[PDB]
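As a starting point, one isolated chain is supplied in structure tokens, in the form deposited in one PDB entry.
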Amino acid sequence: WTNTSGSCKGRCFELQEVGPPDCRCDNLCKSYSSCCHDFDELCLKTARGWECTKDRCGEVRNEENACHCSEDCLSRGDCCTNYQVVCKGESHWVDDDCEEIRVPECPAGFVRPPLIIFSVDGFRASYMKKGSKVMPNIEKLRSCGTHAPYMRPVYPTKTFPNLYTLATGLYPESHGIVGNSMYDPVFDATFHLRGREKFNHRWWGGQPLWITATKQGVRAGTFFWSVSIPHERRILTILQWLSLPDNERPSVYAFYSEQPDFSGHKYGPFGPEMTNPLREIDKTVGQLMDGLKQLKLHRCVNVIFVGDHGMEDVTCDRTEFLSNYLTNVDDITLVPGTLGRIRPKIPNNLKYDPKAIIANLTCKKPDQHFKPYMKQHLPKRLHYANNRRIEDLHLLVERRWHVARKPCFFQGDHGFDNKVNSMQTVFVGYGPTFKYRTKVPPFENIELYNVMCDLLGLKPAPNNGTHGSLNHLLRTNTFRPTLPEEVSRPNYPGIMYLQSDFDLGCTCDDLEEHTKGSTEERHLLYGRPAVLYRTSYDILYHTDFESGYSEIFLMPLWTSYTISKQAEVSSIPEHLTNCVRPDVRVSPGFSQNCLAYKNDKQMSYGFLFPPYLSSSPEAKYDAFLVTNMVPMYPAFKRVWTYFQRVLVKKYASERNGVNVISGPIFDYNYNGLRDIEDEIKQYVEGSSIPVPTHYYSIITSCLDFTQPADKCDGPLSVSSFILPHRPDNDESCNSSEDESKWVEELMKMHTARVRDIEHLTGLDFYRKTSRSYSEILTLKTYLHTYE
């Protein structure tokens, strides 16, 4: 209980940790009905508005006023933000020219540049194009500071998951806020936008920036503001806190606005009604920068201007209804709209039939505007499966559409797949620690927590950013990364066996009379991947490829090869169709066997280096080695053969050659991390040959396309995929057609970062290059989006 009778005199917005039964005066008290009775009279002054006027200049200080224009206000720290402009012939910050900030210019008593995070909700990246005509203060920050053309949010692209990802560096499946609404089957409790449950700390995982700061002795201003505190008051409060005594002043601050999200929902992102809220946000940035200038802090503080997600055109007329597909929608609960999550209405209802539901939702209308997925089948790049709050059945919804259970005040919405263009949002950093007038490539919001820790001198808690990948945003305070240590060194087996030693069931129609040589220099362009876990594997060399063959998983961990721009594609000769060859370098006991494949009526096999790309008819025989074989369902072979036979050469032709590394991934427990042996759950029939859940490929070339991939001087260009290894093509509605009509569409959906592959394989790539380690970390976080 809270003793309301207390008072907020000289307590306004205090940074005091104060609770039961004492009444509060802090920026969150209203949200807890815990404010002293006079909080609103003393702390939320509104009198005479937010701007000094010429008449008020040198007034007698009335403490009833929202802000002051009296002679004393400046050292007191509570001037209106335009005080000096109106009353002292100063210029607005926006009217001053940009000048480089080479070191911080902070008042005596400041030991580090403060960080202010200015977050804006639903700020679509493309709004920045409106430029200084609409948002001159923001445009100054953008042009003079360090800006990305956009920042990628996390999925789902809604507020709670994204704000908490920004604060923690974690994917939602890890921090726990997997939605704006969620059901937790263990709590048997429901988190809603509206209401009290969300205040319970049990929902919120990981460690947010303000906690990391506090635990390391850095004072944070309170990040959250009760919704009733107006933006102008939030700015005045931040400015007041910055004027505190050296022993009280915080080092990190956050401002938040619900705009332009609110207006985007009402009017849509391209509505003329959007100009006004963008102007209002810019005005707020203006007040902040004018205020900082009056305090002599505009060349001292680092400012981050960042959004949570964008906004798409979505209206009532574009709604799919589950009742058009399913007979009894009254028995399910749907988290609806721009994504779908389905569970039974009655928790654990034994009559719930998810396989039947998914069957009725799969490719049932030719224009269908969503696609069902069991969560383990969602693109791995979404990282959206490893949490009990994520329903098994998910609907990925097409941009511009809604999905609803059964049968207009809105024109915009968000929540869609985070690679969708309209979902991208904004990042600008301005201040002494950021670079001056620098554009940087788009990057993901999970990376910002490490950077904010760097800006504040903090050691980040374990998170999903790749620390160092954003060093190029910073003038100083960079993080020096260190290459992870190789755990398992390879073996280099020679010939140790005779064809006679092998009883595998393999046959091939293949003068009786494979050294390293230049294999590595040609086919392994960036060094051998390091194996970061304890295991046993062999380097195997060939004319056309090299591989790291695992003696434990009975297949290559990786297979590396380079295809020139001019390379020749050739067939598999009829007499070699079923050819599999024993590999005399590897024990028969560490080899697969063709009999398992014969016996398994559902499982077939494929190859990592494709016979289609062999350099000569004799080199082609290497491609049929048992050590180049992997288990593949026929459905998957449709994709894989098309990739191997058509696409790789297409990429080589377009990129002036390519280097490919391909391989298996085991993620049976869908946690985005390499499985240990115990976690593998499927084997080829009658064998101990494990079945990959996915196959990856990493395709690298020279960023300067005028240079061949094998003679590249400078930066690299990479695209990668993590393809789901599935027994059917139900995901691809057009799969009955020729592969030229559907395979590339599937691959684009399952694009991936090299970093994603590293997590899933326990491998570390690009260890031997001419680039810096920070540059390589940037490369490994790149996602080719195809938008």
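We call the rigid core the largest set of C-alpha positions that still match within 1.5 Å between the two forms. Throughout, we count residues from 1 along the sequence that is shown.
According to the record, the deposited sequence contains 10 or more residues between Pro407 and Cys408 that were left without coordinates. In this entry, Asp501 and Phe502 are joined directly, with no residue of the deposited sequence lacking coordinates between them. Per-stretch averaging of Cα B factors for 171 to 179 and 583 to 591 places 583 to 591 on top. As recorded in the PDB entry, 678 to 686 is the stretch of 678 to 686 and 310 to 318 with the greater mean C-alpha temperature factor.
Out of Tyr164, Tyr668, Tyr621, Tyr155, it is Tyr621 whose C-alpha atom has the highest B-factor in the PDB entry. Each of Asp756, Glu51, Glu731, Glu744 has a CA temperature factor in the record; the biggest one is found at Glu51. Among the modelled residues of the chain, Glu574 sits in the highest third by CA temperature factor in this PDB entry. Per the PDB record, residue ranking by Cα B-factor puts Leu393 in the lowest third of the chain. Sorting the modelled residues of the chain by their CA temperature factor places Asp413 in the lowest third. For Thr327, the recorded CA temperature factor ranks within the middle third of the chain's modelled residues.
Per the PDB record, residue ranking by Cα B-factor puts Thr751 in the lowest third of the chain.
One more form of this protein exists, namely the form deposited in another entry; it is left out here, but the text below deals with it.
Rigid-core fit between this form and the one not shown: of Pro347, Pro441, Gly457, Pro617, the one residue whose Cα shifts 2 angstroms or more is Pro347.
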